[PDB]
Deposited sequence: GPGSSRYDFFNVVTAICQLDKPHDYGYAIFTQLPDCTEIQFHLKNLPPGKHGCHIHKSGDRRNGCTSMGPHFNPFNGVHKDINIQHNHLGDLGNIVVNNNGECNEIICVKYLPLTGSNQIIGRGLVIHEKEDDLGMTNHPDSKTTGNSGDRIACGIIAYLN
């Protein structure tokens, strides 16, 4: 595969919870999590509309759902507070008119069947 777009999100609010790598593959947007210091268990993982974090994770606004699918589903954090799982999401563009680069990745307290316990801006890796 040439010539891949890669993004990084440091989940560093409200504290250092590590980071995630997004890789725009042709069938798939691959997400490699490298989270740490989190509560163990399932946590809802969502793209949020705004990259603004002036009020912490609250400023990142609502779920990003441009077409009326920023829903990545649940991640699982291990008992040591880490998450190194990998998922691949169809139709999660990094570039172009509905891109998630420049927007927000938020880890939610509750699982998808609540409050925002970790968030970061999705940015170009290079």
property: Regions of the deposited sequence not represented in the model; result: 1 to 8, 77 to 88, 134 to 148
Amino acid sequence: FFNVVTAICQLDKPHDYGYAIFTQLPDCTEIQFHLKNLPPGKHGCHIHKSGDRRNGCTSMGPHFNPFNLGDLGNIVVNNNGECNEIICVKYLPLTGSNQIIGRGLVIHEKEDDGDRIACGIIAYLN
From here on, numbers count along this sequence of modelled residues.
{"item": "Higher-B stretch (mean Cα B-factor, as the entry records it), 93 to 101 or 59 to 67", "value": "59 to 67"}
{"item": "Per the entry, higher mean C-alpha B factor between 115 to 123 and 1 to 9", "value": "1 to 9"}
{"item": "Among modelled residues of the same chain, the CA temperature factor third for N74", "value": "middle"}
{"item": "Ranked against its chain, the third holding the CA B-factor of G51", "value": "lowest"}
{"item": "Third of the chain's Cα B-factor distribution that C45 belongs to, per the entry", "value": "middle"}
{"item": "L38, C-alpha B-factor rank within chain (lowest, middle or highest third)", "value": "middle"}
{"item": "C28, C-alpha B-factor rank within chain (lowest, middle or highest third)", "value": "highest"}
